[PDB]
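Taking the form deposited in one PDB entry, here's one chain by itself in structure tokens.
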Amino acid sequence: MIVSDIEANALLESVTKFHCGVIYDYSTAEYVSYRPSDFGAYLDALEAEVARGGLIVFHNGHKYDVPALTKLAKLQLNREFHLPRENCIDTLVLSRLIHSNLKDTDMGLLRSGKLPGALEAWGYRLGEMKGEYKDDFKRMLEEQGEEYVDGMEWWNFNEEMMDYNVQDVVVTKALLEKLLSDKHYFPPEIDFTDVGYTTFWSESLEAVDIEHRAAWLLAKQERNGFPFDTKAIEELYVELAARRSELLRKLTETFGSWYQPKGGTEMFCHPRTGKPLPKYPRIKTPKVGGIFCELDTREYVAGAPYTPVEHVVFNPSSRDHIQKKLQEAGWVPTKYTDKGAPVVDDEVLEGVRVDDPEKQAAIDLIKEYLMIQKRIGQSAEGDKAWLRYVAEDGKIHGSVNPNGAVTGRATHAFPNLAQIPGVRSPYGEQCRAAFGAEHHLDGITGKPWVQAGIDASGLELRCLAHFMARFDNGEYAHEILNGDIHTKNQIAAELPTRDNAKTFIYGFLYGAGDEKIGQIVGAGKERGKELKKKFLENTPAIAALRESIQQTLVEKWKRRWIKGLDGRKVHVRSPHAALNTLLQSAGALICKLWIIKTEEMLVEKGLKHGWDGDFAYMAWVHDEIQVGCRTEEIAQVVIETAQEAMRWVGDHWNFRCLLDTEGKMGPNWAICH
């Protein structure tokens, strides 16, 4: 087993030069440095470890060092270099699994300061390395009276860089051993720094093997990217921009501008008493100035105070502005936030009722305005707007933290491709249609690719059915696939229609309170404790499931975690959200193993993963995958194969409810909904 790390001139997307690399070999207990001209030798040492059936350890190597070396070996040495998945260990992936309750800076892409909670120390050091190397570089430069440029610290190899490369390996090794000392994942009777790759995967907890496979697959998905229709979004942007302007024109006419105190320094004091008046706006007492002798054109006069003010135009994006105008119109806020401000969201705005019919109509313009900005910010103007992220290859390469949530779910960012507006929302179809396999033209034939969209069917309800089978003997599961559980829940809840049930159950599983529950419940909000009571009464298995989950966690805690489908610990934040934690976690792990198996099956069928092949994973959004396929025949095979893999997963973990998938073929995300 060896631990390694490399330093190169740029992020994966544009790396062209290997600067240096370090290898610590457990069999020799030694560190070896490789400088720019030792690149070939560096690669040879990694392949020698592979020939021995060994293991190579990197920190964030799955997403960076490994694909970077393949790219770099081809460019610099004309060599084919591909470390096999099974010979690679990633301490970042390991840290995110074992310390799944803690956040991390995602290797310096996120500022430590805004992250909540504590951070694991070695992983924090690794994530800050680039910034610390930069700081040293900059101050070393200033010492020589030289100027600093953009990111020149990465243009050329130097010894400071070599020293940091060595430090990464000492820290990565330290991290490795700390993670390897967790007996829940690694049995203490085995020295995992002294075994072959096959032993490492089979003797450790299944979660370890699964997380590395997921990070390996998703790293490739990131590299694939999602074909994006820039022109179509630039045109939607023009359309939304004109509607925003028109709504602004109409609103600033209805709600005129006003004045506000601004720039005042001195406290206003009563001229008679001398008593400070903090509630009054601040003032400014002109230092100089006088009436006249040549008259003084100066407008200020010493001693004569005044209140500095600014002119402010109505801003529809300001809940403060909206709050001010609607009350001056007669609106009396019914609900406030914990800070003193009244709630001003689409829901409240929908219920505001003022006299002036014009100002009453202006409310809808305001709601429209807010929704338009939401779309403009997400697609074009936001910091993480799609238009700022589209790469040269015509694709958006969103990042994915394979195990970003405590439940085992992944998190998406830069931009978040898991929050694209749905077809059922305003401008959703156009947004959705811009992400699609059709926007990718085959590298050889130039013909557009086809999209295969597949999602797990009612995964959340089946996970519930599974866990309650120990109490109802498969009854709830049986009803899901052979009857109508929605009518069944309806009766148990005494709810009006069957559609009320789908809203109730899916809501019951995603939190919600008596208010939201009682809401769609005909209308009568609140007093939604009766609906949520008559339900658990006519569905005793669920209540029973909850009792058992608690007897496991409390009494003060007996244990602060839940065991996931693959054995991992899943931190429970609240005894009340425990069942939810259990269900979301199971759905997450099922979907994770599922996308893994699906890809392995496609590959064992002869299909090649990549734009230069047959298919390409474009996105994984919790319970669905969007896959690009060179031909329709391949799209159909992916759809069928995803169903086989889902069934394989259900069998793999002895699930008490049959698991299924539904697939749709088409040109983009809007059609594969």
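Rigid core (definition): largest C-alpha set, two forms, superposition within 1.5 Å. We number the residues from 1 along the sequence you see.
Q: Would you say residue 305 goes unmodelled in a third or more of the other compared entries?
A: Result for residue 305: never missing in the compared entries.
Q: Checking the other compared PDB entries, only those that cover the residues flanking it, does residue 513 lack coordinates in at least one third?
A: Yes, a third or more of the compared structures omit it.
Q: Counting only residues from the deposited sequence, how many are left out of the model between residue 292 and residue 293 (none, 1 to 3, 4 to 9, 10 or more)?
A: Per the record, 10 or more deposited residues are absent between residue 292 and residue 293.
Q: None, 1 to 3, 4 to 9, or 10 or more: how many residues of the deposited sequence lack coordinates between residue 189 and residue 190?
A: Gap between residue 189 and residue 190: none.
Q: With reference to the PDB entry, specify whether the mean Cα temperature factor is higher for 403-411 or for 503-511.
A: Taking the mean B-factor of the alpha carbons in each, 503-511 is higher.
Q: On average, which has the higher Cα B-factor in the deposited entry, 115-123 or 326-334?
A: The deposited B-factors put 326-334 ahead on the C-alpha mean.
Q: Using only the C-alpha B-factors in the record, can you name which of 592, 576, 439, 571 has the highest?
A: The listed residue with the largest C-alpha B-factor is 576.
Q: Of 420, 301, 161, 391, which one's C-alpha B factor is largest in the deposited record?
A: Most elevated C-alpha B-factor of the set, per the entry: 301.
Q: Ordered by C-alpha B-factor within the chain, which third holds residue 262? Give me lowest, middle or highest, please.
A: Its C-alpha B-factor, which the entry lists for residue 262, ranks in the highest third among residues of this chain.
Q: Would you please rank residue 428 by its C-alpha temperature factor against the other modelled residues of its chain and give the third it falls in: lowest, middle or highest?
A: According to the entry, residue 428 has a C-alpha B-factor in the chain's middle third.
Q: With respect to C-alpha B-factor, does residue 490 fall in the lowest, middle or highest third of the chain as deposited?
A: Ranked within chain, residue 490 CA B lands in the highest tercile.
Q: With respect to C-alpha B-factor, does residue 434 fall in the lowest, middle or highest third of the chain as deposited?
A: Lowest third.
Q: Can you work out whether the C-alpha temperature factor of residue 597 puts it in the lowest, middle or highest third of the chain?
A: Answer is lowest: the recorded C-alpha B-factor places it there.
Omitted here: the form deposited in another entry. The next part is about that form.
Q: Considering only 199, 416, 158, 538, single out the residue whose C-alpha is displaced by at least 2 Å between this form and the one not shown after superposing the rigid core.
A: Comparing the C-alpha positions, the one residue that moves 2 Å or more is 538.
Q: When you overlay the rigid core, is the Cα of residue 457 off by 2 Å or more between this form and the one not shown?
A: Shift of 2 Å or more: no.
Q: Taking the rigid core as the frame, does residue 316 move its C-alpha by 2 Å or more between this form and the one not shown?
A: Residue 316 C-alpha, core-superposed: shift of less than 2 Å.
Q: Core aligned, does the CA of residue 584 move at least 2 Å between this form and the one not shown?
A: Not so; residue 584 is displaced by less than 2 Å.
Q: Tell me whether residue 497 and residue 472 end up closer or farther apart in the other entry, going by their C-alpha atoms; the shift is 3 Å or more.
A: Compared with this form, residue 497 and residue 472 lie farther apart in the other entry.
Q: Did residue 486 and residue 643 drift closer or farther in the other entry, going by a CA distance change of 3 angstroms or more?
A: Compared with the shown chain, residue 486-residue 643 is closer in the other entry.
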